[PDB]
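I have placed the structure first, in the form of C-alpha cells, so that the comments after it can refer back to it.
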Amino acid sequence: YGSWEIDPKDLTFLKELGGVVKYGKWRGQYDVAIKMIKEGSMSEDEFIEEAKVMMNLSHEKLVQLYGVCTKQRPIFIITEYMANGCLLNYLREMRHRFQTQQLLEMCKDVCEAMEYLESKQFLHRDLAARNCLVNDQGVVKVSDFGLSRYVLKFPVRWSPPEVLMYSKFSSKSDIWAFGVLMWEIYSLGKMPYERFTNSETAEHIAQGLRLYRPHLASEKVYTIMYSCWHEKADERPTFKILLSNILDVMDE
Ligand SMILES: CCC(=O)Nc1cccc(Nc2nc(Nc3ccc(OCCOC)cc3)ncc2F)c1
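Letter by letter, the sequence shown follows residues 392 to 409, 414 to 547, 558 to 657 of PDB author numbering.
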C-alpha cells in the first residue's frame, strides 16, 4: 500500500450515516467516516491521483482525508468523522436557538478553510451548507472540496453570472458561493431563492438582482455577504479579506 491507501481490513463498521456513508473505527481506536463509492458513479483513477494531493491539504477547518481503499469494488474514501452531521440539517434544527455570534463563528470556520484552499490555489467548486459538517464541539468544517470533478444537480443557486452564462470558474466563483453560504447560515438553512426554480434564479442573477438580508444578519454582516456577489468577478474580495471583515465584526 502507498501512503494514500488504507487497508480495508483495518476498518470496523459501526453505523450507517446516510452515500452509502458509514461511521467506523480504524485499527480499533480511531473514528472515521467511510464513504462507499457506487460503481460507475466516479472517475476513480482520476480521483485516486487527486487523493494523493488531497492527502497533503491539512487545516483544522477542513475535513481531513485519511486515505482511500482502492483494491476492490466498491472503493472507499476514508475521512474525518464529524459527529453532529451536515451543516444544513444542523441549521434547520430549531432546538439550537442559535445566537448570532454562533452563526458568525460558523462563517469564520468556513472562511478559514477557504482562505487555506485559496492559498493552495485549490477550488472547492461546490461550496454550500450541504457540503459542510459539524463536529462534537460545534466546529464547522468544509468537506468534499474538489470532488465534483470526478463525478460522472448543478448548483445554480450558488453560482455567479459568469458561471451560468459562460462556464467561467475561478477563485471568484468560490467567493460568490461563500456569500450564498453565509446567507444560508443566517437564514437558518433556507433554500436560496426559495420561491424560484433554478431557471428563474439564473435569470434573476443575470439581471443583476440578488438575495436580500436575512433577518438575523446585522447590516455589517449583510455587507460582507453582499460583497461576494459583485457582478464583476475581479471586484469580489479574497478569502483573506473576507476573514478580516468577519473578525472586525466579531470585535464590534
Ligand atoms: C446535508 C448533507 C448531508 O446530509 N451529507 C452527508 C450525510 C451523511 C454522511 C456524510 N458524510 C459524513 N458524515 C459525518 N458525520 C455524520 C454524522 C451524523 C449524521 O447523522 C445521521 C444523518 O441523519 C441523522 C450524518 C453524518 N462525518 C463525516 C462524513 F464524511 C454526509
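Built from N, CA and C at the ideal position, the CB exists for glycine as well.
{"Query": "How would you write the range of the beta strand (DSSP E) that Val416 sits in, first residue to last?", "Result": "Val416 to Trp421"}
{"Query": "In angstroms, rounded to a whole number, what distance separates the CA positions of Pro597 and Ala428?", "Result": "29 Å"}
{"Query": "Kindly list the residues whose CB is nearer than 7 Å to the CB of residue 550, restricted to its own chain and excluding five residues on each side of it in sequence; keep chain order.", "Result": "A break in the chain separates 547 from 558, and the residue in question, residue 550, sits inside that break with no coordinates."}
{"Query": "Looking at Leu499: is its Cβ nearer than 8 Å to the Cβ of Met655?", "Result": "yes"}
{"Query": "Run through the segment 457-489 for me and flag every whole alpha helix (DSSP H) of 4 or more residues, listed as ranges in chain order.", "Result": "482-487"}
{"Query": "Between the segment 502-515 and the segment 463-474, are three or more C-beta pairs nearer than 8 Å?", "Result": "no"}
{"Query": "Suppose you measure from the CA of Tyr476 to the CA of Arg422; what does that come to, to the nearest Å?", "Result": "15 Å"}
{"Query": "Under three-state DSSP, which class holds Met437?", "Result": "strand"}
{"Query": "Measure the C-alpha to C-alpha separation of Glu488 and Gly594 and round it to an integer number of angstroms.", "Result": "9 Å"}
{"Query": "Relative to the alpha-carbon of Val546, which residue among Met431, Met437, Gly409 and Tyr418 has its alpha-carbon at the smallest distance?", "Result": "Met437"}
{"Query": "What number of angstroms, rounded off, separates the C-alpha of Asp398 from the C-alpha of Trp588?", "Result": "41 Å"}
{"Query": "Which residues does DSSP list as the beta-bridge partners of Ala428?", "Result": "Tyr418 and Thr474"}
{"Query": "Pull up the distance between the alpha-carbon of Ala446 and that of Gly393, whole angstroms please.", "Result": "12 Å"}
{"Query": "Taking DSSP as the reference, what is the three-state secondary structure of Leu512?", "Result": "helix"}
{"Query": "Ordered along the chain, which non-local residues of its own chain (more than five positions away) have a Cβ less than 8 Å from that of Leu648?", "Result": "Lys503, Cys506, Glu507 and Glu510"}
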